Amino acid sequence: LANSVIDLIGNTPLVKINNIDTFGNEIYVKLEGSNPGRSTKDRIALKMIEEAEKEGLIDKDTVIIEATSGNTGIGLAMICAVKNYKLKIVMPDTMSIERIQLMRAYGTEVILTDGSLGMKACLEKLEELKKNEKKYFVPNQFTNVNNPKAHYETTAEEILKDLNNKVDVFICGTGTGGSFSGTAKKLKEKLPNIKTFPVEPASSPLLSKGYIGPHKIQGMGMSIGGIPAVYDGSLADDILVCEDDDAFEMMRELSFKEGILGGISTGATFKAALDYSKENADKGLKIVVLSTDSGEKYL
């Protein structure tokens, strides 16, 4: 049994890659698309909310407000449905329309900003909305320690247990930097020799080249006006990148060859991982790729 969909968050499957040539290393994909909200962001939605509740920051009529690229809004929408909280999301109009439709299916109210101004414009508009709300809580995923902490506590522990502590490499897409940073932090505390790499869009190479740009790898990229506080760059053994088209193409390779329907960021992160494997061919490495969301919302 589960008492609610909240009990289904986490404990996601880790699936071996069998048909794609992985160059004498084993690649496993952690399917965060299996979460009830269809993304890893269910984990951070749950922890940011539950810790706020414990700290006395959320009453039953507190309005939760958050700027999001989409999946955090979906995870929050779903949790707020179960908990009967009111959620308002500020988001860019440039994201997949399926994100909006998913949030609205859970009863979430969406306010739209100009996508060409990035997540900075969402964070700005959220300040304006605060003035009309008598009682609110802003999870603030780009600074809230409970974003990476969720991954440190659950995601990483699931990887360690499922692979019985045999993990050589962990590769993960970045937006807030929380899933990479929290998971890599725990992994490195237990496995001192593990290598952990973040991936960013080749068209918005903030970490590897020092500038941003438009890209199509939804959920990835840093557009708040700097590197998020929750990103811990000291954990990165190197910065990996992926082009927009290669991400789309790899997303299709995964579905055609593995029956894995991941998002565009999954295509990006997996491409980066497969390239890494090719560069480190025939070492018998156990390589784990975080698939941040499922692909249904991008078709």
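Heads up: residue numbers just count along the shown sequence, starting at 1.
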Query - Selected stretch [higher average CA B-factor]: 81 to 89 or 174 to 182 - result: 81 to 89
Report summary line: Looking only at C-alpha temperature factors in the entry, 23 to 31 or 51 to 59, the higher average sits in 51 to 59
Report task. Using the entry's values, work out which of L76, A150, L187, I100 has the largest Cα B factor. Result -> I100
Requested in this report: Tell me, please, which of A105, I224, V199, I159 has the highest C-alpha B factor according to the deposited entry?
Outcome: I224
**Report entry** Ranked against its chain, the third holding the CA B-factor of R252
**Finding:** highest
Query - Among modelled residues of the same chain, the CA temperature factor third for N280 - result: highest
Query raised in the report: Would the CA B-factor of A45 place it in the lowest, middle or highest third of its chain?
Result: lowest
Report summary line: Sorting the chain's modelled residues by C-alpha B-factor and splitting them into thirds places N144 in the lowest
Query raised in the report: With respect to C-alpha B-factor, does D246 fall in the lowest, middle or highest third of the chain as deposited?
Result: middle
